[PDB]
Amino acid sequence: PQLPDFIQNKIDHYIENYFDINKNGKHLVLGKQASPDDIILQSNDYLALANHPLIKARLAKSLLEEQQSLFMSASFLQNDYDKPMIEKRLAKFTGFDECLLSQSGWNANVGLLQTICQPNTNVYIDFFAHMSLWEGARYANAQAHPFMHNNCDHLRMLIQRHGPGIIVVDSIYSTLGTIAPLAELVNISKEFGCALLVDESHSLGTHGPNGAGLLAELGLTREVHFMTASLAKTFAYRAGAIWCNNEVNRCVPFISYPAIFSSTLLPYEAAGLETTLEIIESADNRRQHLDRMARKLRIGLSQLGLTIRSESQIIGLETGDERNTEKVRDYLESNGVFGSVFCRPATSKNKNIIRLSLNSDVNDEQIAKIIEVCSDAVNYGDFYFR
């Protein structure tokens, strides 16, 4: 069947503009194939749990136990006896009143926002908040008011102008790894009668007592209305969750379109999460090691004169435009360093990033090596850094 010219031309153009323009003819995010000894810094499995034998054993076990044939909407599974223990456990874990399982962090954000927003609703969103939060607001037809990254002064001015709303931030930001000024955001929330929504995808498991997160680390838990997280990072699982210090999670399952109209996690998936939680709660050792290696990389790269905004295990090399980004990517890759290209639609076209994500398995030698490769890239590379 021949595509109509209205679609054919769009694909033809995309291919020319997004694939062809690159030396290797692939999309920018696709470099060379890595090798065993290369240093890979791409996975969000921060505490290196993907292959944990206890997690695998518990998943396989409950999977082998059989089937409830629960291939249907989670809307139908909201009777207390159908709700998975993992929700009660995750709630207790973070200190929030209630938790609701979602199919992904994306759906948790889109779902929560749909539930708490009306079309008139003011949404004060950090310019660098995750796309799912921007999109969640847009799907709900809310009135979004972006504030400059981590800028509480700018935020106050916005709220003073537009009224009570929902303040939306990442606790730790996904591209550049900065940390939100959470204590002050809470004070602003309280001052102006707003609700706070904190996405802890990148701090949950890695931060706080027993890995309960940044809000728990800072003692803010009881002062925040909402928290969300992808469970695809530290929890190493394809799912998400919404936590509420109120009754909102009673309503989300029947209001959120992704919650209603897309199939539920199967019971055996929830059970595997229970073991993951247990391992995370006990992983003080890995948390400490990760923190230290991350501080080492930050400091080391900073002394190079590189712009390093990060205060976390996420480190963003700012490589400007797509041409310059290809060059840096190639140089990094040729030498044994494999980060992730972040580019448009995630960034603006002239502010691409090569993201280095650290995990608790990275060691002191690999760190030193990464500093060295970047040192050379600076000194000698035929390209620039922002």
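For clarity, a rigid core is taken as the largest C-alpha set superposing within 1.5 Å between two forms. Don't overthink the numbering: it's just position in the shown sequence, from 1.
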query	finding
Higher C-alpha RMS shift from the shown form in 5 other deposited structures of this protein - 114-122 or 199-207, rigid core fit	114-122
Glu66 coordinate gap across at least a third of other entries	yes
30-38 set against 350-358, stretch whose average Cα temperature factor tops the other in the entry	30-38
Stretch with the greater mean C-alpha B-factor as recorded in the entry, comparing 295-303 against 120-128	295-303
For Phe342, the third of its chain into which the C-alpha B factor falls	middle
